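[1] enclosed are the sequence and the experimentally obtained structure.
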Amino acid sequence: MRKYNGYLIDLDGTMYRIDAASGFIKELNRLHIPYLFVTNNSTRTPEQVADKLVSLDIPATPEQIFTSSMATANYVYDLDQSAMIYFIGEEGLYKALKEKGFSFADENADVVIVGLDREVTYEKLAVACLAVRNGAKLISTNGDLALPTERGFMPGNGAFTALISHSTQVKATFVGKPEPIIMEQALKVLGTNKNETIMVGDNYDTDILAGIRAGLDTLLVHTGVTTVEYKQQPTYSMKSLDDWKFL
Amino acid sequence: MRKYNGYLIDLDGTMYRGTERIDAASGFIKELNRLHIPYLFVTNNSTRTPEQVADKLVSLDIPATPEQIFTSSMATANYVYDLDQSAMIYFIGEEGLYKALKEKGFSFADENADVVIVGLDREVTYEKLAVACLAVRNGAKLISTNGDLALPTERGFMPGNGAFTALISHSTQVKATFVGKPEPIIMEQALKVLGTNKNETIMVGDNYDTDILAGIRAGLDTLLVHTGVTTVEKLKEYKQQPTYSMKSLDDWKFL
């Protein structure tokens, strides 16, 4: 029997930016090991994310995708199902919140959720600040400061979360990586125990650190952010997924 | 013969709250005019033009010209100009900041700007903030007109200039140079315009944390009005204190 029969796999620079990941996933299916993709992305729906993976010869279904949008929508539901919500974000966050059946408000909201909105305005940020000062909770989908695009490093959701927090002097509760919350939620979905599940990623600051705080073993592959060049080391560290022995 | 032959009058704080302080300011300013003592109004504001502020002052029987109004946006523009006349500028802000940079005959640019200037823009967008981040990562200097995190309005506390500076600074991991109070740079730039010597100039305000502290850091003597026993006690435990503390502008001897 295997040591790890559960796999939480990162998308942000791990599954792509390559077909070394395709063979890795194919093998996981041949050994019939269940897995679940985890991403700090709060803009795309799971169906959208899954299609991008299939487009790169990577077996993925919408059910095998777990976003910070879904994790946040689940997390807030636990705190108060009748909570009226003001949110900043796009399609992905909006859908997940609506499927959960939340109502929506503005300055008089109970919970403020901060997701990436690449068309955010001063007024959108203003309503968020006003609601928080009225007593509303401040939740953020992810704390990523920079977003890698063709133009360069665009401002991430963490930066906009910083604005709101600074102006209101209220610290925010982050859901996505490296916070353990997104890992705890994904683990319930995957259905495997904490000691038989390993988190796979490329970035120590998000992926690896999320697994450690969650109590999960970690595999660090250098196909992304963190180079071979910290206080807690990952459980494993390799150049490629080709070096994984499926322990 | 005089110790203070140059005055820098704060517009912010609660300096002009109520008919009493307004008339006390009017007589104070008129006396400065009566004695031919040069003076200059100082503010962190960016929602008004020097023309607008001067028009409001004269309305309240307080003699002032647009040339006697000095904002942090003007200080920021002048400070950058003296450092680099050929600096290509991207800025986030409104009418006041735009006009201030216009007066300097700058060239403007986006992602390849040499200097990024952040001021309050109540119609800011993701793209506006994104361009700022891109330019900074392209090596542009990050300058902020002021650092106010919150802005008090009818609706409550709206996000201020400092909050947006924080976004850009956090995203690009580059620290910002703040010009407005309580930073000394705005007062240094005010002295340039006032024309008097630093040791012969006094800054007058009624708020320590933002207004007065800027003058102290700039090396100017400071007068703190609208103060009581309790507040003076507080300040005597700070690292720095105002040079003088009085209850009213009525109490000020011109030296």
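    Nice, I can see it. Numbering: from 1, shown residues only, chains lettered A, B, ... in the order given.
[2] report the contact partners of the residue nearest the centre of chain A.
    Computing the C-alpha centroid of chain A and ranking residues by C-alpha atoms, centre = their mean puts residue A:40 first, at 2.7 Å. Residue A:40 makes contacts with A:12, A:68, A:141-142, A:144, A:176-177, A:182, A:206, as judged by C-beta atoms under 8 Å, 6 or more residues apart in numbering or on different chains. Where C-beta positions appear, they are placed from N, C-alpha and C, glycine not excepted.
[3] nearest to residue A:164, of those residues?
    residue A:141 (12.7 Å; C-beta to C-beta).
[4] next up, the contacts around that closest one.
    Residues in contact with residue A:141 (C-beta under 8 Å, 6+ apart) are A:40, A:42, A:68-69, A:71-72, A:89, A:93, A:113-116, A:157, A:174-176.
[5] again, only using 7 Å
    A:42, A:68-69, A:72, A:93, A:113-115, A:157, A:175-176 (C-beta atoms under 7 Å, 6 or more residues apart in numbering or on different chains).
[6] the contacts of residue A:40 in strands, which ones?
    Among the contacts of residue A:40, none falls in strands (DSSP state E).
[7] who in chain A is up against chain B?
    Residues of chain A lying close to chain B (C-beta under 7 Å from any C-beta of the partner chain) are A:117-122, A:125-126, A:129-130, A:133, A:145-146, A:151-156, A:158-160, A:162-163, A:166-167.
[8] now with 8 Å?
    A:107, A:117-122, A:125-126, A:129-130, A:133, A:145-146, A:151-156, A:158-160, A:162-164, A:166-169 (C-beta under 8 Å from any C-beta of the partner chain).
[9] what about those residues, which are in helices?
    Among the residues of chain A next to chain B, DSSP state H puts A:122, A:125-126, A:129-130, A:133, A:158-160, A:162-164, A:166-168 in helices.
[10] checking residue A:195 next. Helix, strand or coil?
    Under the three-state scheme (DSSP: H, G, I helix; E, B strand; the rest coil), residue A:195 adopts helix.
[11] helices of chain A, residue ranges please.
    With DSSP H as the criterion, chain A has helices at A:20-30, A:46-54, A:68-79, A:91-99, A:122-133, A:157-168, A:181-190, A:209-214.
[12] just how off-centre is the second one within its chain?
    So that's helix A:46-54. The chain centroid and the centroid of helix A:46-54 are separated by 15 Å under C-alpha atoms, centre = their mean, to the nearest Å.
[13] the last one too?
    On the basis of C-alpha atoms, centre = their mean, the separation between the geometric centre of helix A:209-214 and that of its chain is 13 Å.
[14] outside of that helix itself, list whatever touches it.
    By C-beta under 8 Å, 6+ apart, helix A:209-214 touches A:8, A:177-180, A:182-184, A:187, A:194, A:198-199, A:201, A:217-218, A:232, A:234.
[15] the fifth one too?
    Residues lying outside helix A:122-133 but in contact with it, judged by C-beta under 8 Å, 6+ apart, are A:86, A:88, A:105-109, A:112, A:114, A:117, A:138, A:160, A:163-164, A:167-168, A:170, B:121-125, B:150, B:155-159.
[16] ok, back up a step: separate out the buried members of the contacts of residue A:141.
    Among those, the ones that count as buried by 16 or more other C-beta atoms under 10 Å in any protein chain shown are A:42, A:68-69, A:72, A:93, A:113-115, A:157, A:175-176.
[17] most tightly surrounded among the helices of chain A?
    The highest mean neighbour count among the helices of chain A, using mean count of other C-beta atoms under 10 Å in any protein chain shown, belongs to helix A:157-168: a mean of 25.
[18] run the angle between that helix and helix B:126-137 for me.
    Per axes from the mean of the first three to the mean of the last three C-alpha atoms, to 10 degrees, the angle that helix A:157-168 makes with helix B:126-137 is 100 degrees.
[19] so residue A:73 makes contact with residue A:100?
    Yes: at 4.9 Å, residue A:73 and residue A:100 qualify as touching, with contact defined as C-beta atoms under 8 Å.
[20] what distance separates stretch A:5-12 from the middle of the whole chain?
    With C-alpha atoms, centre = their mean as the basis, stretch A:5-12 stands 11 Å off its chain's centre.
[21] neighbouring contacts of stretch A:147-164?
    The contact list for stretch A:147-164, computed with C-beta under 8 Å, 6+ apart, reads A:42, A:88, A:112, A:114-118, A:120, A:125, A:128-129, A:132, A:138, A:140-146, A:172, A:174, B:111, B:126, B:129-130, B:133-134, B:137-138, B:159, B:163-164, B:166-168, B:170-172.
[22] and residue A:43, what does it touch?
    Each residue near residue A:43 by C-beta under 8 Å, 6+ apart is listed here: A:69, A:89-93, A:115-116, A:118.
[23] tell me the one among the residues you listed nearest to chain B.
    Distances from chain B to the contacts of residue A:43, taken as C-beta to the nearest C-beta, are shortest for residue A:118 (5.0 Å).
[24] number of nearby residues for that closest one?
    Close neighbours of residue A:118, defined as other C-beta atoms under 10 Å in any protein chain shown, add up to 15.
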